[PDB]
Each structure stands twice: as structure tokens, then as C-alpha cells.
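First, one chain by itself: the form deposited in one PDB entry, in C-alpha cells.
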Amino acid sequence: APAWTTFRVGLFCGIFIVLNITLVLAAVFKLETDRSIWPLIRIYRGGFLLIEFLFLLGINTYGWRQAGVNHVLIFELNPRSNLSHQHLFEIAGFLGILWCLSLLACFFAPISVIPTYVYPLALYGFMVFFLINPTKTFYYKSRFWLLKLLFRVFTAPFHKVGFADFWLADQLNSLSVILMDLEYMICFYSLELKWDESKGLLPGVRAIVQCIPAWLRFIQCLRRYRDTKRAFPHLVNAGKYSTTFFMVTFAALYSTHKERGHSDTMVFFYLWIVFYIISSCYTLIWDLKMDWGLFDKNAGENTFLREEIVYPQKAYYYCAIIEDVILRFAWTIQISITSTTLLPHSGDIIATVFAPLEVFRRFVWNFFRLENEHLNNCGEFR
């Protein structure tokens, strides 16, 4: 940990703190709130979730290093080349600085003659320009590794599945708001935002892309079964993600039929609720029994846990075992609403509230998934 790295982490943290306080003060005072600020939130939500995700990844790396979780071999990373938690903190802080500057610029855009709607385009553009940059300048090894992993995950079950592929696929599974906001921005720029007015706020296509983080993980499990000849450990989760498929399909059908007004809509409404049950159990039980490795009968002196515990405090587990549940249902509803458009009111706000909560659920999922992989070696990755 170089001293300049810690200085940069602290610098970006302080700048981000003061800029966020300035942002909330400007929103309270300088924001008119009479020009549909919701598209602004729906555009910046992807960046906010990404920055939160990177910061929580830094926390996860610190937790693994302190708790003895040898994630270096698990991720198949080079032992002499790793991105320590301070680097993730620095990247998150820098991206947060850019995000806050963009938001502040958008709030009082008359600061410059450039239109109010050109700030996010730069930010995400800069974001993309930070991800793809051939010059070996800013974490070139890390960005190139991430690009290889992104290509391997996103394409198809054409590559042998290692730990990094599955893990990033799951991270994208818990971060679908990024893809949904990408589609929303594309629709905004294609149908609205005439480009003539300086106001960037203004006075079934989503359903299929909603399943992309799940389609990339269902075919991955199918490929794993094909290459491993083990029906249970892969086909059960294949069905688990098929439950997400069915949930999204029935949400879309229910929304369309409610718009059509047919009585059969009510039937489909029931057809939604039941799936909202099974998914919220299928994604829950499979997560608590064989994903984390808890509720084991051979719990020994412990309760609801396993006999090999490496975290300093046992209560940390139990909160999660509750917290995950409290958030798991909170995830399953979200996946529906953004793909349903059922609620003209109180839908977008609740999705925006729940999205960082689901990112937090995925953050706490890593803490125990990597612990289980370190000890149990679950998943057959060696």
C-alpha cells in the first residue's frame, strides 16, 4: 500500500463527501422539482450503483484478506499481481468525483452554454473511456482482465466456466438496473429529448433485456452440466434462474393484459404471485443451503451454520441470514416492477430505493460465498 495511494483514497473520499453534501443542499434549494426530475434519477442511478458496487468490492477484498479468505487462488488471479482494497477505494472515489461533478453541472447547467443533457453522456462516456483505454496507464492489468472477463461472460456458453465468470455473472444478476437504465437512456434519446430545448429534464422490449443477467447465468449452468455430467448441482440452479425467466414473463403478460383489460389478467396476476413465492424461496433456500453452506445438519457447537467459521464474530452470520431474506423478496419484486410498468405512481421511487439495497445484498453475499469456496470448495472449481 503506497502512501500516495492512501492519500489519493482519502482525497477522493473527502472531495466526494463535500460534493455529496453540496449536491443534497442544491437539490433541497436550487432544484425546482417541477420538471420531472425522475428521468435524471433514472439516468444517474446506473452510475451511482456502479460506484457503490466498486466501493463495496473494496470492502469485500478487505474482509477476505483480514478473514483469511484466500481469494487470490479462488479468482485464479496472479499471486504477485492483485488489486488491493485501497485501489478499489481509490477507483470508487474518483468515479464518485466524476459523477458528483456531472450531477452538479446538470443541476445548474446555465453555468455553461452547453445543453443540460450533455453532461451524463460525457460521464458514462468517460466511464466507458475509462474501461476501454489501450494505453497502459490507469490499472491496465485490472481493466484488461475485467474486459476479458466481461467478453467471456457476456457472449455465450462457448468458454469453460471458471470462478470469475460465474461470480461476475452473479454480480451482473444483482445489478440489472444498469442494463435497464441503459435501455431507458437509449429510449429517451430515441423518442424524447428533442435536442432543441436546453432542458434535459423536459416539462416487451424491456422484459427480455431484464433476463439478460439471468440468461447469461442459466446457459452458464447448462454448459457446466454439459462439461461436468452432474445433473443436480447445475440443473437445480438452472431451474432457479428459469424461475426468474418465468417471473419476468408473467409480469410482462400481466401488465399487457391489464392494459388490455381482459378478466384473465387476474388469473395471470395469481400466476405472478405464486412465482414471486417460489423464486423468493428458490433463490433463497439454494442461497442459504448450498451457496453459503449454512443450515447444515452437522452444525456442531454452532447453530444454523457450519463447523468451520473464520469470521471473528458469529452474529455477523445470523444478521445476514435474516438480512438476505429481508432483501431477497425485496429483489424479486424489483425485477418485476421495472419490467412491468404496473404502477404509474410509487414504482420508480421504490425501485430506486431497493436498487442499492440489492447491491448491498450482493455485497454481503460475497462475504460468505467466498468463505464457503475457501473451505468447502463448493462448485467444483478446485
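We call the rigid core whatever largest set of C-alpha positions still superposes within 1.5 Å between the two forms. All residue numbers are counted from 1 along the displayed sequence.
For the cut-off of one third of the other compared entries, residue 125 stays well clear, since all of them model it along with its flanks. Among other deposited entries of this protein with both flanking residues present, at least a third omit coordinates for residue 203.
Per the record, residue 79 and residue 80 follow each other directly, and no deposited residue is missing between them.
Missing here is the form deposited in another entry; even so, the following discussion is about that form.
The comparison between the shown form and the other one, aligned on the rigid core, picks out a single residue among 109, 168, 238, 161 whose CA moves by 2 Å or more, and that residue is 109.
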